[PDB]
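K.L.:
Have a look at the structure that comes next, please.
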Amino acid sequence: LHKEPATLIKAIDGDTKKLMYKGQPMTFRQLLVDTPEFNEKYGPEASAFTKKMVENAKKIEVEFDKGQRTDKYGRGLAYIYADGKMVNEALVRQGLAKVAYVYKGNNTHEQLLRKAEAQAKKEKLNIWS
Ligand SMILES: Cc1cn([C@H]2C[C@H](OP(=O)(O)O)[C@@H](COP(=O)(O)O)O2)c(=O)[nH]c1=O
Ligand SMILES: [Ca+2]
């Protein structure tokens, strides 16, 4: 897998955002995670977390996996990096997302994220509190 450039257009919520990629606006959905919706518990904290991470970043990058690059809603499916730090992993490490939606053929970073989840749980953080 390799990282590609993008720029932030707008934060949306814990696990989706609007990026410019290859010069075109797209909504991206983060691979392998599920944040609560804004109306759900820890939804607002997830949205805030993602928003800060991507708005403060000097450099946003997207990394597609080996499989499907867009979902059925037209959303890009990627791992998202903010100055080299994976947003998807950072959410899971903070107990603000669950590892989820692990489809075969698009799960290169599964074990990395599962390790983060285990530490969040040990710490009883947020969703695991
Ligand atoms: C994360 C991800 C979600 N999806 C689809 C599955 C879910 O379909 P349904 O909408 O039919 O439930 C939906 C979950 O995204 P959200 O958590 O953003 O709602 O997006 C994929 O198809 N591939 C993926 O990698
Ligand atoms: Ca969600």
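Numbering starts fresh at 1 for the residues of each chain in the structure tokens, the chains themselves are lettered A, B, ... in the order given, and ligands are numbered from 1 as they appear.
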Need the shell around range 94-108 of chain A: protein/DNA/RNA residues with any atom at most 8 Å away, counting only C-alpha atoms. Skip same-chain ones fewer than 5 positions apart. Format as a PyMOL selection string?
P.N.:
chain A and resi 31-36+42+45-46+65-68+113-114+117+120-121+124-128
K.L.:
Could you take the residues named above and write them with C-alpha atoms, as a PDB file, in the first residue's frame?
P.N.:
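Final output, saved to part01.pdb:
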```
ATOM      1  CA  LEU A  31     -11.602   1.618   6.558  1.00  0.00           C
ATOM      2  CA  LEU A  32     -11.945  -0.930   9.342  1.00  0.00           C
ATOM      3  CA  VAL A  33     -13.598   1.316  11.991  1.00  0.00           C
ATOM      4  CA  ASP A  34     -16.963   2.435  13.254  1.00  0.00           C
ATOM      5  CA  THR A  35     -17.467   5.595  15.205  1.00  0.00           C
ATOM      6  CA  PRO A  36     -20.826   6.283  16.906  1.00  0.00           C
ATOM      7  CA  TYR A  42     -19.365   9.367  22.254  1.00  0.00           C
ATOM      8  CA  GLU A  45     -16.320  13.200  21.043  1.00  0.00           C
ATOM      9  CA  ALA A  46     -15.405  11.134  17.967  1.00  0.00           C
ATOM     10  CA  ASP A  65      -6.217  -0.972   0.392  1.00  0.00           C
ATOM     11  CA  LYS A  66      -6.116  -3.823  -2.193  1.00  0.00           C
ATOM     12  CA  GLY A  67      -9.828  -4.097  -2.825  1.00  0.00           C
ATOM     13  CA  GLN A  68     -12.799  -1.855  -3.366  1.00  0.00           C
ATOM     14  CA  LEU A 113      -6.074  -1.731  14.688  1.00  0.00           C
ATOM     15  CA  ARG A 114      -7.033  -4.747  16.776  1.00  0.00           C
ATOM     16  CA  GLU A 117      -8.496  -1.675  20.445  1.00  0.00           C
ATOM     17  CA  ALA A 120      -8.123   1.022  24.638  1.00  0.00           C
ATOM     18  CA  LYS A 121     -10.138  -1.716  26.297  1.00  0.00           C
ATOM     19  CA  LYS A 124     -11.276   1.259  29.800  1.00  0.00           C
ATOM     20  CA  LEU A 125     -11.334   4.309  27.515  1.00  0.00           C
ATOM     21  CA  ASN A 126     -14.441   6.058  26.370  1.00  0.00           C
ATOM     22  CA  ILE A 127     -16.626   3.381  24.587  1.00  0.00           C
ATOM     23  CA  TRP A 128     -15.002   0.746  26.806  1.00  0.00           C
TER      24      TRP A 128
END
```
K.L.:
Go through range 81-127 of chain A and collect every residue that DSSP, computed from the backbone, puts in helix (DSSP H, G or I); the answer should be as an NGL selection string.
P.N.:
:A and (87-93 or 110-122 or 126-127)
K.L.:
Can you pull out every residue within 10 Å of residue 38 in chain A, counting only C-alpha atoms, but drop anything in the same chain fewer than 4 positions away, and send it as a list in words?
P.N.:
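Everything that qualifies: residues 12, 13, 14, 42, 43, 44, 45, 46, 47 and 48 of chain A.
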K.L.:
Compare A:123, A:30, A:37, A:4 by their minimum atom-to-atom distance to residue 86 in chain A, counting only C-alpha atoms, and give me the closest one.
P.N.:
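The closest residue to residue 86 in chain A is A:30.
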K.L.:
Choose the residue, out of A:57, A:78, A:1, A:62, that has the smallest atom-to-atom separation from ligand 1; count only C-alpha atoms and all ligand atoms.
P.N.:
A:78
K.L.:
With only C-alpha atoms and all ligand atoms as the atoms that count, which of A:111, A:70, A:129, A:39 lies nearest to ligand 1?
P.N.:
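Answer, going by the shortest atom-to-atom distance: A:70.
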K.L.:
Identify, with DSSP run on backbone atoms, the residues in chain A assigned to strand (DSSP E or B), and express the list as a ChimeraX atom specification.
P.N.:
/A:4-11,16-21,24-30,33-34,60-63,70,76-82,85-86,98-99
K.L.:
Go ahead and write the selection's residues with C-alpha atoms as a PDB file, in the first residue's frame.
P.N.:
```pdb
ATOM      1  CA  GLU A   4      -1.381   9.588  -1.831  1.00  0.00           C
ATOM      2  CA  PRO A   5      -2.091  13.272  -1.333  1.00  0.00           C
ATOM      3  CA  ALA A   6      -5.378  14.882  -0.515  1.00  0.00           C
ATOM      4  CA  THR A   7      -6.543  18.088   1.124  1.00  0.00           C
ATOM      5  CA  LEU A   8      -9.233  18.610   3.666  1.00  0.00           C
ATOM      6  CA  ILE A   9     -12.414  20.192   2.353  1.00  0.00           C
ATOM      7  CA  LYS A  10     -14.533  19.732   5.511  1.00  0.00           C
ATOM      8  CA  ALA A  11     -14.827  17.628   8.586  1.00  0.00           C
ATOM      9  CA  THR A  16     -16.284  10.378   7.402  1.00  0.00           C
ATOM     10  CA  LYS A  17     -14.931  13.654   5.963  1.00  0.00           C
ATOM     11  CA  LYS A  18     -14.818  15.552   2.680  1.00  0.00           C
ATOM     12  CA  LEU A  19     -11.436  15.548   1.007  1.00  0.00           C
ATOM     13  CA  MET A  20     -10.109  16.704  -2.331  1.00  0.00           C
ATOM     14  CA  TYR A  21      -8.461  13.747  -4.046  1.00  0.00           C
ATOM     15  CA  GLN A  24     -12.119  16.165  -7.071  1.00  0.00           C
ATOM     16  CA  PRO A  25     -14.276  16.518  -3.970  1.00  0.00           C
ATOM     17  CA  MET A  26     -15.149  13.187  -2.364  1.00  0.00           C
ATOM     18  CA  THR A  27     -16.585  11.953   0.885  1.00  0.00           C
ATOM     19  CA  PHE A  28     -14.196   9.420   2.474  1.00  0.00           C
ATOM     20  CA  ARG A  29     -15.232   6.664   4.892  1.00  0.00           C
ATOM     21  CA  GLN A  30     -12.399   5.306   6.991  1.00  0.00           C
ATOM     22  CA  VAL A  33     -13.598   1.316  11.991  1.00  0.00           C
ATOM     23  CA  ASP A  34     -16.963   2.435  13.254  1.00  0.00           C
ATOM     24  CA  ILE A  60      -3.410  14.830   4.795  1.00  0.00           C
ATOM     25  CA  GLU A  61      -2.845  11.558   2.911  1.00  0.00           C
ATOM     26  CA  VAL A  62      -5.073   8.734   1.779  1.00  0.00           C
ATOM     27  CA  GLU A  63      -4.134   5.075   1.482  1.00  0.00           C
ATOM     28  CA  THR A  70     -15.478   3.276  -3.231  1.00  0.00           C
ATOM     29  CA  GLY A  76     -13.893   6.575  -0.863  1.00  0.00           C
ATOM     30  CA  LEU A  77     -12.666   3.802   1.367  1.00  0.00           C
ATOM     31  CA  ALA A  78      -9.222   4.542   2.733  1.00  0.00           C
ATOM     32  CA  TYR A  79      -6.826   4.733   5.633  1.00  0.00           C
ATOM     33  CA  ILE A  80      -6.487   8.437   6.419  1.00  0.00           C
ATOM     34  CA  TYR A  81      -3.176   9.984   7.675  1.00  0.00           C
ATOM     35  CA  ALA A  82      -2.678  13.358   9.365  1.00  0.00           C
ATOM     36  CA  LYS A  85      -0.409   9.437  11.912  1.00  0.00           C
ATOM     37  CA  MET A  86      -3.298   7.165  10.947  1.00  0.00           C
ATOM     38  CA  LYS A  98     -14.593   0.018  17.253  1.00  0.00           C
ATOM     39  CA  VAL A  99     -12.749  -2.175  14.768  1.00  0.00           C
TER      40      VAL A  99
END
```
K.L.:
Quick one: distance from CA of residue 74 in chain A to CA of residue 50 in chain A in Å, one decimal?
P.N.:
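Interatomic distance, CA of residue 74 in chain A to CA of residue 50 in chain A: 20.7 Å.
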